[PDB]
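See structure below.
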Amino acid sequence: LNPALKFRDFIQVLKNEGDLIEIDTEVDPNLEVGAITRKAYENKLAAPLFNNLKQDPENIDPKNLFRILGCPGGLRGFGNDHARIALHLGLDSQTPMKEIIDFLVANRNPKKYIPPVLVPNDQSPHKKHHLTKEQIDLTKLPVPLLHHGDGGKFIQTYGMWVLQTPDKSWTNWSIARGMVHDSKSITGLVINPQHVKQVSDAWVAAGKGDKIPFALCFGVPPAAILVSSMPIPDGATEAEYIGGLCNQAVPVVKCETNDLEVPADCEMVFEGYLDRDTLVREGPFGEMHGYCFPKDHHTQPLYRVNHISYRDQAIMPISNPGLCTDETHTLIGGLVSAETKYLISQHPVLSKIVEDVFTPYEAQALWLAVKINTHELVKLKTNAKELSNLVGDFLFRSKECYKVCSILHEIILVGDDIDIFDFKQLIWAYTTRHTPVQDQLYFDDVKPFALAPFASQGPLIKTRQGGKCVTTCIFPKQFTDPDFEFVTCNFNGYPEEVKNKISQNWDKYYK
Amino acid sequence: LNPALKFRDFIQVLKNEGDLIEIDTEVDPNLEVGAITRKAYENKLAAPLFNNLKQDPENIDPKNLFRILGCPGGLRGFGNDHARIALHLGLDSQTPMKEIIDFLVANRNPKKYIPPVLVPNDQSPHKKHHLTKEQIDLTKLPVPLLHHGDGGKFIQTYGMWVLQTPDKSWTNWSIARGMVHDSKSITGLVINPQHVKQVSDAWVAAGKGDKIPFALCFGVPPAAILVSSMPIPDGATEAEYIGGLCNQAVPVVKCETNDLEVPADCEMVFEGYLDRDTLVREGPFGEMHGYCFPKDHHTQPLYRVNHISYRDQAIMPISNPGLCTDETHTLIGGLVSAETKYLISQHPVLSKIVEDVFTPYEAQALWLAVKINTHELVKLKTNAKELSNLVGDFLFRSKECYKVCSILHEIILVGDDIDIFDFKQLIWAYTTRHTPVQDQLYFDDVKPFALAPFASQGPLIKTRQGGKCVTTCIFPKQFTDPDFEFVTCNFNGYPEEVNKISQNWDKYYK
Ligand SMILES: Cc1cc2c3c(c1C)C(C)(C)CC=[N+]3c1c([nH]c(=O)[nH]c1=O)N2C[C@H](O)[C@H](O)[C@H](O)COP(=O)(O)O
Ligand SMILES: Cc1cc2c3c(c1C)C(C)(C)CC=[N+]3c1c([nH]c(=O)[nH]c1=O)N2C[C@H](O)[C@H](O)[C@H](O)COP(=O)(O)O
Ligand SMILES: [K+]
Ligand SMILES: [K+]
Ligand SMILES: [Mn+2]
Ligand SMILES: [Mn+2]
């Protein structure tokens with residue numbers, strides 16, 4: 001019935017659509033879960049539900065803890081390849097991505113928001129079973145080693161961190177990676193300018209950065225995990241946008257051991273204290289640009305888990321990032337795209353000319369294509385450098401987009417003949433419409449994205465400055481002549497009369 | 001059957017392989033031939049042999065002049081997508097392009113060459129029929145208007161110009177586009193630094209520039225039209241190289257109205273005089289980067305046609321350039337890669353490290369990917385900006401490559417984990433391994449390629465300086481640490497042992 005609000009309805013729709021395979025054969029958390037999911041992503045196969053994982057004998061409740069759903073946001077192979085993404089928002093599964101983005105943009109006006117509603121503990125399935133700190137041992141759960149060279153088992157790849165500011169004015173829901181540190185403990189990334197850091201920075205500012213309450217929620221409402229992955233504004237409570245998107249309040253319940261509220265329908269909730277006063281090793285991970293660099297090591301804060309609540313037969317969703325295409329593309333890039341569309345929308349100049357933006361997956365969410373209406377472009381009476389200075393100041397440096405676009409390294413301005421969602425069209429335009437280096441405006445005083453390989457393995461990690469450009473793929477005269485024409489030399493570029501005769505009668509030609 | 005030496009054998013082997021579609025229904029040379037060929041390239045369909053072109057009723061011999069063969073160098077839909085390129089050289093049709101290129105490169109040694117052999121006219125099928133000047137009217141032949149906004153009907157898109165230097169030391173076979181100017185005339189591109197220009201320049205040097213003898217041959221031996229598209233060196237005679245590649249001399253015959261030699265197995269030979277001091281309108285054309293710019297306009301020199309020889313039921317092969325992939329990618333791009341690879345083969349530094357080079361068609365032949373052996377790279381005790389200057393200087397400024405590599409505007413240095421022939425792999429490495437701008441080395445004094453749309457519709461068309469860069473997609477430590485380690489996060493990047501999944505896949509999904 002409602003896959004936006006209920007993880008298990010999400011699973012049931014995929015099963016109904018023929019886009020889910022239950023695997024009853026024993027699969028090993030050590031490396032095979034990741035191989036399978038990867039082969040699923042890459043060939044656009046059905047999402048695998050792993051019912052029979054190889055279990056450690058000391059696991060405290062193996063019949064319940066846990067199965068793995070993989071590829072929850074991976075592309076589908078038969079119809080609309082973005083079905084799984086549409087489904088997270090409870091939309092028609094054939095809703096294509098450009099429209100999925102319009103739906104999110106459409107619902108970004110705060111007047112559409114609906115705050116979550118508290119309900120009693122017996123309306124939540126995950127409140128059926130409990131583990132205290134003493135009983136908890138994360139070492140024994142079937143947490144996968146997703147990639148060779150991963151510095152730990154990454155238990156948190158598709159659940160949601162719930163952190164609240166000390167004054168209670170902002171409750172943030174987001175995704176960030178997490179690996180098992182020891183029996184009772186998870187460490188993961190907590191970096192500028194991510195909200196998990198902003199919010200915890202507040203607890204630090206008040207001298208309580210050792211005992212920051214957190215919940216970590218697995219199998220949350222699919223619309224909730226989608227937004228958990230979207231960079232909505234600083235200070236914004238994700239729950240309220242999720243509500244609008246669902247035209248319905250997210251039902252939530254209070255934790256057992258802190259006063260955070262978590263969704264009624266989760267598979268498993270982990271409760272504890274984020275400890276920003278103790279650093280620990282958090283291991284390299286195979287991430288969104290397609291590498292694991294096994295010798296890359298750094299220290300990160302520690303989440304001390306004191307409690308766990310979980311339902312019968314818990315299912316954990318999982319993301320196993322690498323080459324395109326996967327959740328670190330469809331969700332990290334798609335949702336950057338959606339928020340940047342919204343924000344641009346509200347820009348008095350950029351809203352007149354920008355038709356659409358999208359992060360082509362082929363570029364691992366390092367590029368943002370920006371589709372410009374040339375007719376309205378002429379009216380502005382501008383040029384390549386000045387439009388590029390405006391765009392990049394806005395996307396790289398504004399208080400609006402400083403964080404939102406932080407992962408992006410190249411912005412690609414193109415005219416409105418190119419469906420930016422079709423990479424054959426984007427790559428044609430990129431190689432044929434910009435002079436190497438000359439039509440790339442370099443911004444040196446911007447914060448680079450530390451995960452970009454070219455930065456992590458280069459000098460940009462030491463310097464922490466620059467690395468970005470805005471590339472204009474719009475011919476000089478497209479800025480001045482509104483009747484500028486070229487014929488695009490493919491079949492679809494022929495005159496309508498010709499295409500129609502040839503297409504209608506193709507069987508007469510190619511018999 | 002010899003598809004290297006005989007066009008009709010080439011056609012027969014595609015037929016035999018299921019990669020040919022005889023079209024007997026009437027197709028119009030006005031836009032339709034072009035629209036059908038565009039759909040066939042783009043969907044990698046069988047090559048279309050149009051048996052029934054809509055004829056002007058005044059054509060002097062419509063049963064013979066002419067049929068059209070489309071997509072001769074297009075990609076095939078079923079096995080080795082490059083099978084047509086292989087058969088041009090007479091190779092097994094499943095020969096992959098890397099291996100096609102190795103073959104061309106292996107045979108670049110002048111030792112291996114074999115000059116052509118003169119045979120009597122009664123050995124040439126195209127000597128069966130003849131047209132004198134008074135009889136010729138190019139405007140009644142079913143020449144196609146290939147793209148909307150083309151300035152004229154482009155008759156020459158897969159034929160071979162033959163021009164010989166006054167001193168008869170150098171004879172060049174090449175492709176350059178040519179449209180019909182009038183009932184007796186073709187105008188075509190003759191621009192720097194192409195050999196059509198270098199060789200005709202010589203006549204203008206000698207003051208005899210208005211009467212340069214030429215032949216223009218169609219349906220020439222597929223190995224010859226293939227080399228006709230390869231930038232072999234200045235002053236090198238293509239016939240010799242082609243013979244080497246065919247392990248047989250190309251049978252040639254003498255033109256009727258001049259002393260030029262033309263392949264004996266052609267469909268139609270045109271003969272006449274290239275007039276370098278009569279410049280006429282040579283209207284825009286749908287070109288290799290995907291665009292026809294309808295109000296781009298220049299003038300070009302004139303080929304006056306005085307004689308046509310042809311054979312029963314002449315076939316004209318054609319190329320209808322545009323979006324990837326078509327002959328302006330597999331041939332223009334592939335052979336620039338091939339000649340580049342060989343020339344790099346003779347460089348005392350670059351041959352230690354370069355495994356392959358390729359123009360990915362997705363980049364419309366503006367990009368050259370250069371695959372570098374990492375272990376041998378370390379031994380060079382070098383870094384990004386030094387290697388970039390070296391590589392960029394050689395391809396853009398050396399007497400060896402100034403012309404060869406003229407079409408390329410971005411050279412991309414990648415390590416040897418990247419199969420540079422699989423664009424999925426190349427674009428991964430491009431986007432993720434170079435910092436924009438910091439890792440691009442601009443060259444501002446080199447000659448830009450004037451066809452490139454960012455040039456043609458930009459200042460580079462005027463300034464004729466710059467427009468190019470070398471882009472490093474090799475991590476700094478790849479140059480110093482030989483054991484530099486990273487895991488590729490696709491399926492093929494997991495340990496060989498984790499076979500288990502592949503061999504047992506049906507147990508998971510079944
Ligand atoms: C969907 C998704 C997004 C990842 C991501 C992953 C997924 C599956 C993983 C789990 C596979 C592994 C790593 N990723 C992290 C991440 N953000 C971050 O700070 N650290 C991360 O380690 N994100 C990006 C992050 O979720 C977005 O930037 C959100 O905007 C964060 O929320 P916020 O805007 O509330 O800070
Ligand atoms: C296969 C091929 C190659 C084209 C070509 C085409 C095809 C089908 C067309 C017919 C689609 C249209 C235009 N092209 C021209 C061209 N070179 C050139 O100088 N002017 C051209 O108009 N070439 C490239 C040219 O043939 C190569 O650069 C050769 O190296 C030139 O021979 P040369 O080295 O002896 O000068
Ligand atoms: K978020
Ligand atoms: K040539
Ligand atoms: Mn947030
Ligand atoms: Mn030549």
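What's counted below: heavy atoms across the whole structure, side chains too, no hydrogens, waters or symmetry copies. In the text below, chain A, chain B and the rest are named by the order of the sequence lines, each starting its count at 1.
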Residues which pass salt bridge (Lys or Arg N to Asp or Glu O under 4.0 Å) with A:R276, listed by chain and number, not counting sequence neighbours: A:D201

Contacts of type side-chain contact (heavy atoms from CB on, under 4.5 Å), residue A:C217, not counting sequence neighbours: A:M160, A:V162, A:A215, A:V220, A:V262, A:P263, A:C266, A:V269

Let me check something: any side-chain donor-acceptor pairs from residues 329-340 of chain A under 3.5 Å, sequence neighbours excluded? List them with distances.
from, atom 1, to, atom 2, distance (Å)
A:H329, NE2, A:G322, O, 3.0
A:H329, NE2, A:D326, OD2, 3.1
A:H329, NE2, A:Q364, NE2, 3.3
A:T330, OG1, A:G73, O, 3.1
A:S337, OG, A:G333, O, 2.8
A:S337, OG, A:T359, N, 3.1
A:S337, OG, A:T359, OG1, 3.3
A:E339, OE1, A:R108, NE, 2.7
A:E339, OE2, A:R108, NH2, 3.0
A:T340, OG1, A:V336, O, 2.7

With sequence neighbours excluded, residues passing salt bridge (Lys or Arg N to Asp or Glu O under 4.0 Å) with B:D481: none

SB check A:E282 A:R177 (cutoff 4.0 Å): yes

Set of residues satisfying salt bridge (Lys or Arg N to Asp or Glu O under 4.0 Å) with respect to A:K153, sequence neighbours excluded: none

Set of ring pair (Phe, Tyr, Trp, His ring centres under 6.0 Å) partners for A:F285, sequence neighbours left out: A:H147, A:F154

Test ring pair (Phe, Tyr, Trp, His ring centres under 6.0 Å) applied to A:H82 - qualifying residues, sequence neighbours left out: A:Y361

Close aromatic pair by centroid cut-off 6.0 Å: A:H409 and A:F454: yes

Counterpart residues, ring pair (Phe, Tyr, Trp, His ring centres under 6.0 Å), relative to A:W203 (two or more places apart): none

Results of side chain to side chain donor-acceptor pair (under 3.5 Å) for A:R433 - residues two or more places apart only: A:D417, B:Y291

Side chain to side chain donor-acceptor pair (under 3.5 Å) partners of B:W367, counting only residues at least two apart: none

Residues forming a ring pair (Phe, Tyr, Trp, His ring centres under 6.0 Å) with A:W173, sequence neighbours excluded: none

Partners meeting salt bridge (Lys or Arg N to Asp or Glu O under 4.0 Å) with B:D419 (sequence neighbours left out): none

